[PDB]
file structure_26.csv (CSV, C-alpha atoms)
chain,number,residue,atom,x,y,z
A,53,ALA,CA,-49.1,-54.4,85.8
A,54,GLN,CA,-51.2,-56.7,83.7
A,55,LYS,CA,-49.1,-55.9,80.7
A,56,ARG,CA,-45.9,-56.5,82.6
A,57,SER,CA,-47.1,-59.8,83.9
A,58,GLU,CA,-48.1,-60.8,80.3
A,59,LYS,CA,-44.7,-59.7,79.0
A,60,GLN,CA,-43.0,-61.7,81.7
A,61,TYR,CA,-45.3,-64.7,80.9
A,62,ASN,CA,-44.5,-64.2,77.2
A,63,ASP,CA,-40.8,-64.0,78.0
A,64,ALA,CA,-41.1,-67.3,80.0
A,65,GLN,CA,-42.9,-68.9,77.1
A,66,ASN,CA,-40.2,-67.6,74.7
A,67,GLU,CA,-37.5,-68.9,77.2
A,68,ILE,CA,-39.2,-72.3,77.3
A,69,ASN,CA,-39.2,-72.5,73.5
A,70,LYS,CA,-35.6,-71.6,73.4
A,71,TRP,CA,-34.8,-74.1,76.1
A,72,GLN,CA,-36.7,-76.8,74.2
A,73,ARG,CA,-34.6,-76.1,71.1
A,74,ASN,CA,-31.5,-76.2,73.3
A,75,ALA,CA,-32.5,-79.5,74.8
A,76,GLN,CA,-32.9,-81.1,71.4
A,77,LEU,CA,-29.6,-79.6,70.4
A,78,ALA,CA,-27.9,-81.0,73.5
A,79,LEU,CA,-29.1,-84.5,72.5
A,80,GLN,CA,-27.6,-84.0,69.0
A,81,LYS,CA,-24.4,-82.7,70.7
A,82,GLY,CA,-24.3,-85.8,72.9
A,83,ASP,CA,-24.2,-84.1,76.3
A,84,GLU,CA,-26.9,-85.9,78.3
A,85,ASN,CA,-26.6,-83.9,81.5
A,86,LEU,CA,-27.2,-80.5,79.7
A,87,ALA,CA,-30.4,-81.7,78.2
A,88,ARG,CA,-31.7,-83.0,81.5
A,89,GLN,CA,-30.8,-79.6,83.1
A,90,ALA,CA,-32.8,-77.8,80.5
A,91,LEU,CA,-35.9,-79.8,81.2
A,92,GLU,CA,-35.6,-79.0,84.9
A,93,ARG,CA,-35.3,-75.3,84.0
A,94,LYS,CA,-38.4,-75.5,81.8
A,95,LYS,CA,-40.4,-76.9,84.7
A,96,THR,CA,-39.3,-74.0,86.9
A,97,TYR,CA,-40.2,-71.6,84.1
A,98,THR,CA,-43.6,-73.3,83.8
A,99,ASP,CA,-44.2,-73.0,87.5
A,100,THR,CA,-43.3,-69.3,87.3
A,101,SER,CA,-45.6,-68.9,84.4
A,102,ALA,CA,-48.4,-70.7,86.3
A,103,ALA,CA,-47.9,-68.4,89.2
A,104,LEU,CA,-47.9,-65.3,86.9
B,156,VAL,CA,17.7,-72.9,113.0
B,157,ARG,CA,15.4,-74.3,115.8
B,158,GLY,CA,12.9,-71.4,115.1
B,159,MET,CA,13.0,-68.9,118.0
B,160,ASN,CA,9.9,-66.6,118.3
B,161,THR,CA,10.6,-64.1,115.4
B,162,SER,CA,13.3,-66.1,113.3
B,163,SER,CA,13.1,-63.9,110.3
B,164,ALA,CA,12.7,-66.5,107.5
B,165,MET,CA,10.2,-68.8,109.4
B,166,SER,CA,8.1,-65.8,110.7
B,167,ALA,CA,8.0,-64.3,107.1
B,168,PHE,CA,6.9,-67.7,105.6
B,169,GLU,CA,4.0,-67.8,108.1
B,170,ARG,CA,2.8,-64.2,107.3
B,171,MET,CA,3.1,-64.7,103.5
B,172,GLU,CA,1.3,-68.1,103.5
B,173,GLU,CA,-1.6,-66.4,105.4
B,174,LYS,CA,-2.2,-64.0,102.4
B,175,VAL,CA,-1.1,-66.4,99.7
B,176,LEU,CA,-3.5,-69.2,100.6
B,177,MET,CA,-6.5,-67.0,101.4
B,178,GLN,CA,-6.3,-64.9,98.2
B,179,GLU,CA,-5.7,-67.7,95.8
B,180,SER,CA,-8.4,-69.9,97.2
B,181,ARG,CA,-10.9,-67.0,97.2
B,182,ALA,CA,-10.2,-66.3,93.6
B,183,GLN,CA,-10.6,-70.0,92.6
B,184,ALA,CA,-13.7,-70.5,94.7
B,185,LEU,CA,-15.5,-67.3,93.7
B,186,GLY,CA,-14.4,-68.0,90.1
B,187,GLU,CA,-16.2,-71.4,90.3
B,188,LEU,CA,-19.3,-69.6,91.8
B,189,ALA,CA,-19.3,-67.0,88.9
B,190,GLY,CA,-18.8,-70.0,86.4
B,191,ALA,CA,-21.6,-72.0,88.1
B,192,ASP,CA,-24.4,-70.5,85.9
B,193,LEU,CA,-26.3,-73.0,83.6
B,194,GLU,CA,-26.8,-70.4,80.8
B,195,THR,CA,-22.9,-70.1,80.6
B,196,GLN,CA,-22.8,-73.9,79.9
B,197,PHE,CA,-25.6,-73.3,77.3
B,198,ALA,CA,-23.1,-70.6,75.9
B,199,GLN,CA,-20.7,-73.5,75.2
B,200,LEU,CA,-23.4,-75.3,73.2
B,201,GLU,CA,-24.2,-71.9,71.5
B,202,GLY,CA,-20.5,-71.6,70.6
B,203,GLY,CA,-20.8,-75.1,69.1
B,204,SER,CA,-23.9,-74.2,67.1
B,205,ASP,CA,-22.3,-70.9,66.0
B,206,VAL,CA,-19.0,-72.5,64.8
B,207,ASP,CA,-20.9,-75.4,63.0
C,26,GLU,CA,-44.4,-50.4,98.8
C,27,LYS,CA,-42.1,-49.2,101.6
C,28,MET,CA,-42.1,-52.4,103.7
C,29,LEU,CA,-41.4,-54.5,100.6
C,30,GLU,CA,-38.7,-52.3,99.0
C,31,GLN,CA,-36.5,-52.3,102.1
C,32,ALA,CA,-36.6,-56.1,102.4
C,33,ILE,CA,-35.5,-56.7,98.8
C,34,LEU,CA,-32.3,-54.7,99.2
C,35,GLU,CA,-31.4,-56.4,102.5
C,36,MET,CA,-31.7,-60.0,101.2
C,37,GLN,CA,-29.3,-59.5,98.3
C,38,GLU,CA,-26.4,-58.3,100.4
C,39,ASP,CA,-26.9,-61.3,102.8
C,40,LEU,CA,-26.7,-63.7,99.8
C,41,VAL,CA,-23.3,-62.3,98.9
C,42,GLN,CA,-22.0,-62.9,102.4
C,43,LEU,CA,-23.3,-66.5,102.3
C,44,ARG,CA,-21.5,-67.0,99.0
C,45,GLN,CA,-18.2,-65.9,100.5
C,46,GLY,CA,-18.7,-68.3,103.4
C,47,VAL,CA,-19.3,-71.1,100.9
C,48,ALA,CA,-16.1,-70.2,99.1
C,49,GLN,CA,-14.2,-70.3,102.3
C,50,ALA,CA,-15.6,-73.8,103.0
C,51,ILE,CA,-14.7,-74.8,99.4
C,52,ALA,CA,-11.2,-73.3,100.0
D,105,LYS,CA,25.7,-91.6,140.4
D,106,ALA,CA,22.6,-91.7,142.5
D,107,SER,CA,21.9,-88.0,141.7
D,108,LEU,CA,22.4,-88.8,138.0
D,109,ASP,CA,19.9,-91.6,138.0
D,110,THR,CA,17.2,-89.5,139.7
D,111,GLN,CA,17.9,-86.7,137.2
D,112,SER,CA,17.9,-89.1,134.3
D,113,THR,CA,14.3,-90.2,135.0
D,114,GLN,CA,13.1,-86.6,135.2
D,115,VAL,CA,14.9,-85.9,131.9
D,116,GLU,CA,13.2,-88.8,130.2
D,117,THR,CA,9.8,-87.6,131.4
D,118,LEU,CA,10.6,-84.1,130.0
D,119,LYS,CA,11.7,-85.5,126.7
D,120,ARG,CA,8.5,-87.6,126.5
D,121,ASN,CA,6.4,-84.5,127.3
D,122,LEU,CA,8.1,-82.5,124.5
D,123,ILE,CA,7.4,-85.2,121.9
D,124,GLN,CA,3.8,-85.4,123.0
D,125,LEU,CA,3.5,-81.6,122.9
D,126,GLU,CA,4.9,-81.5,119.3
D,127,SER,CA,2.1,-83.9,118.3
D,128,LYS,CA,-0.4,-81.9,120.2
D,129,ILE,CA,0.3,-78.5,118.6
D,130,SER,CA,-0.2,-80.0,115.1
D,131,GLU,CA,-3.6,-81.3,116.2
D,132,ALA,CA,-4.6,-77.9,117.5
D,133,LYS,CA,-3.9,-76.4,114.1
D,134,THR,CA,-6.2,-79.0,112.5
D,135,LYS,CA,-8.9,-78.3,115.1
D,136,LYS,CA,-8.9,-74.6,114.2
D,137,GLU,CA,-9.7,-75.5,110.5
D,138,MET,CA,-12.5,-77.8,111.6
D,139,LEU,CA,-13.8,-75.0,113.9
D,140,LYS,CA,-13.7,-72.4,111.1
D,141,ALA,CA,-15.9,-74.6,108.9
D,142,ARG,CA,-18.7,-75.2,111.4
D,143,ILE,CA,-18.9,-71.4,112.1
D,144,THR,CA,-19.4,-70.7,108.4
D,145,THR,CA,-22.2,-73.3,108.3
D,146,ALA,CA,-23.9,-71.6,111.3
D,147,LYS,CA,-23.7,-68.3,109.5
D,148,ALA,CA,-25.5,-69.8,106.5
D,149,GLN,CA,-28.3,-71.0,108.8
D,150,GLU,CA,-28.6,-67.4,110.2
D,151,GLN,CA,-29.1,-66.1,106.7
D,152,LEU,CA,-32.1,-68.4,106.2
D,153,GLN,CA,-33.7,-67.0,109.3
D,154,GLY,CA,-33.3,-63.5,107.9
D,155,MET,CA,-35.3,-64.5,104.8
call {"tool": "encode", "arguments": {"input": "structure_26.csv", "output": "structure tokens"}}
result
Amino acid sequence: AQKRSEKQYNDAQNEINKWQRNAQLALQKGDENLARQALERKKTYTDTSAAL
Amino acid sequence: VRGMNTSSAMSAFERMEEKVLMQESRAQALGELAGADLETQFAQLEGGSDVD
Amino acid sequence: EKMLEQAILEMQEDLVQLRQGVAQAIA
Amino acid sequence: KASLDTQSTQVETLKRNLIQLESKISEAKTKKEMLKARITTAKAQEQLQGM
């Protein structure tokens, strides 16, 4: 269970990193709404990670 | 012409429109719910990164 | 595990029904 | 002539009622659509209770 939670936590961190890259990419793309959405998703992921 | 109870044209139009409207609207609405996912909008950005 | 497992299956089916209702409202 | 006049007033009332009825049936159809939407909303509330 500890390993599974760690894996989930690791996945969340990986997802957050991917999201951060996407958010930066969105700004380059010029889609303001998408970047904002990614930030919101990151917060949710962070909350999940904190809970884990 | 005035539309007595089972006037075949008028009565058929009613019965078809019941199906026609429900099915088409379900498909559009459920299609928008299936298309609602944020990661799918990220797949449009990913397609932009991939083509560039 | 038994109390928890039954609940998870039940919530998912309910969500699908809710989505259909939302679609009808949208329609 | 007297009979015709009495009959004519009744006929006018009937015609007026029919016109009103035509307007009313359309309204009833609209009401059903409104009623259907509220019921769907109620169902969503029930789902929350289940959770």
call {"tool": "closest_residue", "arguments": {"input": "structure_26.csv", "among": "A:76, A:101, A:89, A:65", "to": "chain B", "atoms": "all atoms listed in the file"}}
result
A:89
call {"tool": "atom_distance", "arguments": {"input": "structure_26.csv", "atom1": "atom CA of residue B:207", "atom2": "atom CA of residue A:66"}}
result
23.9 Å
call {"tool": "interface_residues", "arguments": {"input": "structure_26.csv", "of": "chain C", "to": "chain B", "cutoff": "9 Å", "atoms": "only C-alpha atoms", "output": "PyMOL selection string"}}
result
chain C and resi 44-45+47-49+51-52
call {"tool": "atom_distance", "arguments": {"input": "structure_26.csv", "atom1": "atom CA of residue B:166", "atom2": "atom CA of residue D:121"}}
result
25.1 Å
call {"tool": "atom_distance", "arguments": {"input": "structure_26.csv", "atom1": "atom CA of residue D:151", "atom2": "atom CA of residue D:138"}}
result
20.9 Å
call {"tool": "residues_around", "arguments": {"input": "structure_26.csv", "residues": "residue A:80", "least_positions_apart": "6", "cutoff": "12 Å", "atoms": "all atoms listed in the file", "output": "list in words"}}
result
residues 73, 74, 86 and 87 of chain A; 200, 203 and 204 of chain B
call {"tool": "residues_around", "arguments": {"input": "structure_26.csv", "residues": "stretch 36-41 of chain C", "least_positions_apart": "6", "cutoff": "10 Å", "atoms": "all atoms listed in the file", "output": "ChimeraX atom specification"}}
result
/C:47 /D:148,150-152,154-155
call {"tool": "write_last_selection", "arguments": {"input": "structure_26.csv", "atoms": "C-alpha atoms", "output": "compact mmCIF listing (two decimals), in the frame of the given file"}}
result
# COMPACT_ATOMS: atom_id res chain seq x y z
CA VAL C 47 -19.30 -71.10 100.90
CA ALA D 148 -25.50 -69.80 106.50
CA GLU D 150 -28.60 -67.40 110.20
CA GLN D 151 -29.10 -66.10 106.70
CA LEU D 152 -32.10 -68.40 106.20
CA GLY D 154 -33.30 -63.50 107.90
CA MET D 155 -35.30 -64.50 104.80
call {"tool": "interface_residues", "arguments": {"input": "structure_26.csv", "of": "chain C", "to": "chain D", "cutoff": "6 Å", "atoms": "all atoms listed in the file", "output": "PyMOL selection string"}}
result
chain C and resi 43+46+50
call {"tool": "residues_around", "arguments": {"input": "structure_26.csv", "residues": "residue A:68", "least_positions_apart": "5", "cutoff": "9 Å", "atoms": "all atoms listed in the file", "output": "list in words"}}
result
residues 63, 73, 93, 94, 95, 97 and 98 of chain A
call {"tool": "interface_residues", "arguments": {"input": "structure_26.csv", "of": "chain B", "to": "chain A", "cutoff": "12 Å", "atoms": "all atoms listed in the file", "output": "ChimeraX atom specification"}}
result
/B:192-204,207
